[PDB]
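Shown below, as structure tokens, is a lone chain in the form deposited in one PDB entry; questions about how it binds or moves come after it.
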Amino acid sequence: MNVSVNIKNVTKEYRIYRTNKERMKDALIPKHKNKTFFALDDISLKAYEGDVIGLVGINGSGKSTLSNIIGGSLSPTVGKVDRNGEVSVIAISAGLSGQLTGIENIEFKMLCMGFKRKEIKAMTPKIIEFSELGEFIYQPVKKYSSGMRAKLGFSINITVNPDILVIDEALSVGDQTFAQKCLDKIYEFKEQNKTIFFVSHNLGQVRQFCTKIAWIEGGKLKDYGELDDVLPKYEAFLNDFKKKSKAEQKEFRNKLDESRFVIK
């Protein structure tokens, strides 16, 4: 079909310091060399419309960095990303203030998200109905519990209509009754032929939601393709890893971290 997201040679580097003298010397001297850490390294993948892609890998692999670079909140050191369409991110807790009440927080967050005044006025009652807070919609958010804060954040955030959606480790929130509502909303979102990027550790959710898999290891793209051809490979690697000794796991992690650090 049509390419919606196109990532070409994206690289992300960071500079590692030990004392303030090192930081100042690097800031001043143009030639000064220091250690450099490669968070990402030469990532290339093409996404199509209607593709649901799940990102998999161990801690520190670099999937939040990639989803921030796709989301637009972070910029590559090298390479480029071409987006066809508008991009949105599910970050439920971002715009909530404990000093404000729930009704005020709806307007505050919808304003920060980019909505116009008439749309905010029109869609406030539906959000209030969805969140199911009741009377506590008239109270400061600092008097809430954790589940109610999550429910309000999710209800405000799910009102977007983008072309590209990014979800980072939150598919459903609340108790057993709210989770079904959240899952139904996400499945409706998938039904409309929208491109979705999804980061998770729940492999059952990945199997029942995604259609493509992106395997990230050591800041690199290990593999990329259909779910039924790639997910079994990652699962086999995972099951093999649990069967090594502690020294073998330490050696594997040290070898992985060796290639990510370079003096330059």
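Take the two forms, find the largest set of C-alpha atoms that superpose within 1.5 Å, and that set is the rigid core. Heads up: residue numbers just count along the shown sequence, starting at 1.
Below, we refer to the form deposited in another entry, which is not included among the displayed structures.
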Pick out the one residue among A122, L74, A94, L111 whose C-alpha shifts by 2 Å or more between this form and the one not shown, once the rigid core is superposed. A94
Against the rigid core, is the Cα displacement of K21 between this form and the one not shown at least 2 Å? yes
Once the core is aligned, please say if the CA of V166 is shifted by at least 2 angstroms between this form and the one not shown. no
Inter-Cα distance between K63 and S93 in the other form, nearer or further [3 Å or more]: closer
Work out the direction of the Cα-Cα change for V173 and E119 in the other form: closer or farther than in this form? It's 3 angstroms or more. farther
